[PDB]
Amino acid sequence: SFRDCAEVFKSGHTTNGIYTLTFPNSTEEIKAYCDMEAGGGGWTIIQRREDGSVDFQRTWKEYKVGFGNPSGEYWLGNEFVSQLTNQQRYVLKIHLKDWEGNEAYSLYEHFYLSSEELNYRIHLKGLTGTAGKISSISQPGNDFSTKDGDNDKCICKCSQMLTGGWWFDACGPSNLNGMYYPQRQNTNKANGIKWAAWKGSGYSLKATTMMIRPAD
């Protein structure tokens, strides 16, 4: 049994594809897409937007267990991610693509999610990359919020206003789980897939991919 895409890579499987990982000291399984042919491989994808349109306006439980198809657009699952990132140290790499043919990335030396009891509050440290000199995810990491679980710091309901599950602040500079907009409908959308630091607020990205890997 493998707990992540690195373990899978270090055991011989060095080819891109969906793999079956299993929760830590558990019997429960979960399928994640493994990026093995880039950056050295061993990358476990925790979310992807490319467009195979999955609808990310999902419930707390769906964000907890994950949804979508591992070969297309999906969300791995907060519970699984929380257990992995609290086991050992992991980096988080956020890859983005716009509609003009550009791609940039943000990398965090350390990333982890608190337990569900603390609403899967995100924790980020050590930012580098070309998608911002400052994190597009509010520092002082926020609790995770969904349409049926308001845990942002807004009087408002960020998840309902922007759509999807995210670590919204008073909503904040990002939401990669927002509504997908086609080209020429990607400008001025406080409802789309945004990553402020790179394309400013309003621009809705064409594709995104969030992946993690330890210090391997």
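We number the residues from 1 along the sequence you see.
For the higher mean C-alpha B factor in the entry, choose 24-32 or 145-153.
Stretch with the higher mean C-alpha B-factor: 24-32.
Quick one: higher average CA temperature factor, 81-89 or 125-133?
Taking the mean B-factor of the alpha carbons in each, 81-89 is higher.
Looking at 64, 58, 48, 184, which has the biggest Cα B factor in the entry?
So the option with the highest C-alpha B-factor is 184.
When the CA B-factors of 139, 119, 106, 102 are compared as recorded in the entry, which is the largest?
Max CA B-factor in the entry, restricted to 139, 119, 106, 102: 139.
Can you tell me which third, lowest, middle or highest, the CA B-factor of residue 180 falls into for its chain?
It belongs to the highest third of the chain when residues are ordered by C-alpha B-factor.
Divide the modelled residues of the chain into thirds by Cα B-factor and specify which third, lowest, middle or highest, holds residue 207.
CA B-factor rank for residue 207: lowest third.
Please place residue 172 in the lowest, middle or highest third of its chain according to the CA B-factor in the PDB entry.
It falls in the middle third of the chain.
Within this chain's modelled residues, let me know which third the CA B factor of residue 164 belongs to: lowest, middle or highest.
It falls in the bottom third of the chain.
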